[PDB]
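Computed over heavy atoms, backbone and side chain alike; hydrogens, waters and symmetry mates excluded. One-based numbering along the sequence shown. Each ligand, and each atom within it, is numbered from 1 in the order the structure gives.
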Amino acid sequence: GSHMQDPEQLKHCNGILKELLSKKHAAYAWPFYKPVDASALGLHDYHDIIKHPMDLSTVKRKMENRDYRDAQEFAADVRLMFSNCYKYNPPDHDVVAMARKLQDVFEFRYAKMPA
Ligand SMILES: O=C(O)c1ccccc1-c1ccccc1C(=O)Nc1ccc2c(c1)[nH]c(=O)c1ccccc12
Ligand SMILES: [Cl-]
Ligand SMILES: [Cl-]
């Protein structure tokens with residue numbers, strides 16, 4: 001059920017999203033900007049391993065379209081995106097290092113959400 005704080009909290013989420021997409025973080029955020037194009041990358045097993053792809057452009061579309069009803073729903077998608085990276089890639093891959101850095105940005109600011 002919607003709470004009177006959900007709009008406020010979703011603004012905090014949108015602020016985080018905007019930060020994740022900003023130039024500040026581009027050196028490590030860029031792999032997460034758009035859906036993984038598995039064929040283009042030669043990742044022909046990606047969609048056998050990753051059942052629920054997620055990326056920041058999809059999170060942005062969902063936010064713009066008011067698809068997210070609360071902050072928890074938003075956070076679950078951002079975390080899904082990172083988990084897909086941790087699932088698919090060896091843990092020493094540079095994309096995993098990038099994901100961990102971007103997730104640290106996310107988690108520290110998400111934990112400042114007004115309530
Ligand atoms: O070549 C390597 O990079 C390599 C290095 C170490 C071990 C294996 C390989 C490899 C070997 C053969 C073919 C391809 C790869 C490879 O892993 N590529 C690749 C490229 C882009 C992304 C990705 C994986 N995985 C993501 O999760 C992802 C998420 C967002 C955007 C892009 C990517
Ligand atoms: Cl994905
Ligand atoms: Cl979660």
Strictly inside 4.0 angstrom of [atom], do you find any protein heavy atom?
{"atom": "atom 6 (C) of ligand 1", "value": "yes"}
{"atom": "atom 3 (O) of ligand 1", "value": "yes"}
{"atom": "atom 14 (C) of ligand 1", "value": "yes"}
{"atom": "atom 11 (C) of ligand 1", "value": "no"}

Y46 vs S39 side-chain heavy atoms within contact, under 4.5 Å: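 They are not in contact (no side-chain heavy atoms under 4.5 Å apart), so the answer is no.
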
Are side-chain heavy atoms of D77 and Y68 found at a separation under 4.5 Å?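 Yes, close enough: below the 4.5 Å cut-off.
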
Would you mind listing which atoms of ligand 1 come within a distance below 4.0 Å of any non-hydrogen atom of [X]?
{"X": "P31", "value": "30 (C), 31 (C)"}
{"X": "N89", "value": "23 (C), 24 (C), 25 (N), 26 (C), 27 (O)"}
{"X": "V36", "value": "29 (C), 30 (C)"}

Heavy-atom neighbours of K62 NZ exceed 12 at 6.0 Å: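 Buried by this count: over 12 neighbours within 6.0 Å.
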
So with a 6.0 Å cut-off around CG of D94, is the heavy-atom count from everything else above 12?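 No, because the 6.0 Å sphere around CG of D94 holds 12 heavy atoms or fewer from other groups.
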
Stepwise, does the side-chain contact (heavy atoms from CB on, under 4.5 Å) test hold for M113 with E8? CA-CA 9 Å; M113 192 173 54; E8 185 179 1; over 6 Å; no

If we only count N/O pairs under 3.5 Å, is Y46 in contact with ligand 1?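 N/O-N/O distance under 3.5 Å: no.
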
Non-hydrogen atoms of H12 and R109 that approach each other most closely: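 In this case the closest contact between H12 and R109 is NE2-O, 2.9 Å.
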
For atom 17 (O) of ligand 1, find the nearest protein heavy atom and state the residue, atom name and distance (0.1 Å precision).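 Answer, as residue, atom name and distance: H93 NE2, 3.4 Å.
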
Identity and separation of the nearest protein heavy atom to atom 21 (C) of ligand 1: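 Of the protein heavy atoms, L41 CD1, 3.5 Å lies nearest.
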
Is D55 reaching over with its side chain to a backbone N or O of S57, donor-acceptor style, under 3.5 angstrom?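 Checking the backbone N and O of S57 against the side chain of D55, a donor-acceptor pair under 3.5 Å is found.
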
Region of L43 engaging ligand 1 - heavy atom pairs below 4.0 Å: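 It is the side chain that touches ligand 1; the backbone stays farther off.
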
Could you label the plane-to-plane angle of the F106 and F74 rings as parallel, tilted or perpendicular, counting under 30° as parallel and over 60° as perpendicular?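 Tilted, since the angle between the ring planes falls between 30° and 60°.
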
For atom 28 (C) of ligand 1, which candidate among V96, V95, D37, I50 provides the closest heavy atom?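 Looking at heavy atoms only, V95 sits closest to atom 28 (C) of ligand 1.
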
